[PDB]
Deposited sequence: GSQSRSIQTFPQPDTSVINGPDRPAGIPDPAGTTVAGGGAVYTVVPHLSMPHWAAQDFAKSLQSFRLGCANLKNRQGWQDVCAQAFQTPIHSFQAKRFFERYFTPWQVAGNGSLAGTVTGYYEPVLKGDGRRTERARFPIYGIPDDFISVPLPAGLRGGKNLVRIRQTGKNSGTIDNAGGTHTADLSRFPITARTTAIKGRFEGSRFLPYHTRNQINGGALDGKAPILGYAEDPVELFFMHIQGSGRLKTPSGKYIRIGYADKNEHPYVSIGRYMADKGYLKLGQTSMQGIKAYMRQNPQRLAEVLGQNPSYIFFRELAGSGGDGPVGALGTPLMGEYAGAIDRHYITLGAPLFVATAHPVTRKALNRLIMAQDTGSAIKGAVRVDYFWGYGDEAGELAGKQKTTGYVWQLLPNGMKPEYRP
């Protein structure tokens, strides 16, 4: 028994906030709307609904998504009948920026072998996260928070949700940095999820926040983001360029990997420049900001000041290699620290080497339309 659709704001309806303006337009104002693989967009929406279904105003669309066949004919009618498109302008411009991201595959093992020597660590035994409002700390769980803490020492910026540290003496000190962990500071006090063959490839898994080990027999060990040490991110590519070990055109993962194989005397130095370090957990698609697994080519990262999390999002852009028209109904199910603005999408390409090529080549103008359940308005969320 089909859910009711509810009443759309009529064409030309506007909402404004934050320099952004949202305008209701017809579905057929989206380029190549007719020719979409709406079965794939429906799959992607259904994945987000495991959590999105619980958010006020999304219950009916999420329920109805599961009573809709996985076929583009029916799935098109679902998106037409239940959602209204809101064309997005940021600061007077429909035009914005599309970049690309992906889930890396790297050679490795569940064990230390001759080939696979670089441990992937989970949350350490002494890693304690404390929420942020010369202070006092009390432990409230084996990895969360009797000891004094020196807040001037911890890496707080204008943005810090929590501090990460460990008890030592009668102190709470910042947790270990990448250079220290590289140097063996976690020996004996952190779970190891597996081993990578290449340390630069591992370094870049940290940069994407998730990955997959491909064992010598072709199996996958799936590795997801769990936490981090909250020390600042520094680009090693920008470090190498003015050192000047490589030119900032060869600053790709693959160029750093090749430089390092030829130059083992610089490995520790360069990797240690990024004091940020990500801890992982044993787990298709990484889990994004919505808390659900992302579907390759049908999910993206957005700015939540501007885009409602979980929303179908039509992106009109250019394919990062063919430069041909790339028009897609994706789901806005993730966020990034570098993704800001009304019209701004990090396009999730999926897992593996091919997705990697696509992602890095993506830096394009794009146009966006946000689809929301009929009646629900977009909102600037300061």
>> Missing CA coverage against the deposited sequence, listed in sequence order.
In response: 1 to 20, 154 to 161, 174 to 180, 319 to 323
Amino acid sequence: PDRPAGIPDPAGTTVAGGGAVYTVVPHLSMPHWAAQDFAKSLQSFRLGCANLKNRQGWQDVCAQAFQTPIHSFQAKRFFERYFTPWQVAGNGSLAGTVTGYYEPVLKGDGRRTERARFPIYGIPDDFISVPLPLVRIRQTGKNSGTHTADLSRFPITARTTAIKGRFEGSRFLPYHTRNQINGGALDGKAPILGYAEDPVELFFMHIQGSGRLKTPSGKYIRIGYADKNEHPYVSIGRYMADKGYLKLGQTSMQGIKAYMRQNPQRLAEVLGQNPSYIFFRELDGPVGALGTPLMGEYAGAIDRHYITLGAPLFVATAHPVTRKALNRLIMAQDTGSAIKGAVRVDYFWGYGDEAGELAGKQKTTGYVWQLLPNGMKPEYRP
From here on, numbers count along this sequence of modelled residues.
> Looking at the entry, does 242 to 250 or 70 to 78 show the higher mean C-alpha B-factor?
Replying inline: 242 to 250
> For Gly352, does the deposited CA B-factor place it in the lowest, middle or highest third of the chain?
Replying inline: middle
>> Taking only the Cα B-factors deposited for this chain, tell me whether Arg344 sits in the lowest, middle or highest third.
In response: lowest
> Would the CA B-factor of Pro26 place it in the lowest, middle or highest third of its chain?
Replying inline: middle
> Ranked by Cα temperature factor within the chain, is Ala158 in the lowest third, the middle third or the highest third?
Replying inline: highest
>> Could you place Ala359 in the lowest, middle or highest third of its chain by Cα temperature factor, using the values in the record?
In response: highest
